[PDB]
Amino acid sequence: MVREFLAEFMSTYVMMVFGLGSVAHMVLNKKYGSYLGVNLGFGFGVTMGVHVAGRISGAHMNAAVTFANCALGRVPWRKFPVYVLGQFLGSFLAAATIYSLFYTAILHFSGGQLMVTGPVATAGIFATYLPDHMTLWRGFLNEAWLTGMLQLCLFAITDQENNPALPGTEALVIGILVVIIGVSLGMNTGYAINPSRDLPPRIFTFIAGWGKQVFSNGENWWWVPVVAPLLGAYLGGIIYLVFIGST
């Protein structure tokens, strides 16, 4: 199963470099970054990852997507740890890549202080953090529902028995899906919708010196992007299957 491991590693790495890089732009310089830039970077970063691993492993790049596909009987459970290990390694090294490419920008921006959110936050470049208007319950609800939207539309785009994207263009349409999840639903939680996108870079910032607060901030927010997308992806996939089965 090293084939799927390496494909999930390579695709998740590529996707996360584009994703985290666009967030670094938005955080570090308003002249060269924006929330739309983040929407595009993660969105079409997913497109590139699909071209890398789509026909080798499926290019899940997302532990919740793998969980839903295994729990729904489309991928054997033995592949779940292989996929998630590949995703976690690729996303961790993507975080390390962005940190090194943007090192001087991060240091010039923060005055040398790796801040989680003081005068100048930088931990948010790598992982999601609850805005202060949000509660942890409503953050859980958002991450679950948004990952449900992801899984349902992922199925619709690739369902060969319904109305899929023309073969050879699914990577583009999937990318657009991730773009508008950010455009339409992302301001409330940073639309992590992906345990592999959120936890490995958070672990990196802890190792890189941002401190214990990358976990405890937002009322121990760190575990929600791990658990809520798992439930959301499964529920979104269930809803699509019940929908198609009824049609």
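Residue positions are given as counts along the sequence shown, with the first one as 1.
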- Query: Between 72-80 and 108-116, which has the larger average Cα B-factor in the PDB entry?
  - Reply: 108-116
- Would you determine, from the values in the PDB entry, which of 42-50 and 205-213 has the greater average C-alpha temperature factor? 205-213
- Item | Maximum C-alpha temperature factor, selected from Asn220, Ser34, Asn188, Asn62 | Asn220
- Highest recorded Cα temperature factor - choice among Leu101, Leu136, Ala165, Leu152: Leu136
- If you rank the chain by CA B-factor, which third does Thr122 end up in: lowest, middle or highest? highest
- Query: What third of the chain, by the recorded C-alpha B-factor, contains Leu93?
  - Reply: middle
- Item | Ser184 - Cα temperature factor, lowest/middle/highest third of chain | lowest
- Among the modelled residues of its chain, the C-alpha B-factor of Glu161 falls in the third labelled highest
- Message: Sorting by Cα B-factor within the chain, modelled residues only, which third would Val178 end up in: lowest, middle or highest?
- Response: lowest
